[PDB]
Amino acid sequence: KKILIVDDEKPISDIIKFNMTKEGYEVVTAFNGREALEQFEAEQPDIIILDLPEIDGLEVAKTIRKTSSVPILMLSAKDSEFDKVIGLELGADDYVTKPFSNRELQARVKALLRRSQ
């Protein structure tokens, strides 16, 4: 029920926030890696959408994984095999490219929650 949206672009954060809210999730937002870790610690989200700075997203996921198995769905405009592979290896549970379907993304957050209880 609580999603932390980590996104350095306010337009995209706003759209994901809107759509997650319409689904009935409680939404917290962060706009850089420091805020992401702070919100993760303070709010203890059930899932994180991570969309960050050219490596900060990877470090955020890395850092969270030291202490927590919270599902991380990484989002990114980078779509190469290396990018996807490295995101997952560093602890993302899923990696979705930008631009994305609002749906699917709803369906992927549901699948992740279903699988993490």
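Counting begins at 1, following the sequence as shown.
Note: missing coordinates for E54 occur in a third or more of the other compared entries bracketing this position. Unmodelled residues of the deposited sequence between neighbouring positions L52 and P53 number 1 to 3. Here the stretch with the larger average CA B-factor, out of 79-87 and 54-62, is 54-62.
Higher mean CA B-factor, judged across 36-44 and 63-71 from the recorded values: 63-71.
In this PDB entry, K2 carries a Cα temperature factor that places it within the middle third of its chain's modelled residues.
For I12, the recorded CA B-factor ranks within the highest third of the chain. Only modelled residues enter the ranking. Ranked against the other modelled residues of its chain, the C-alpha B-factor of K22 as given in the entry falls in the highest third.
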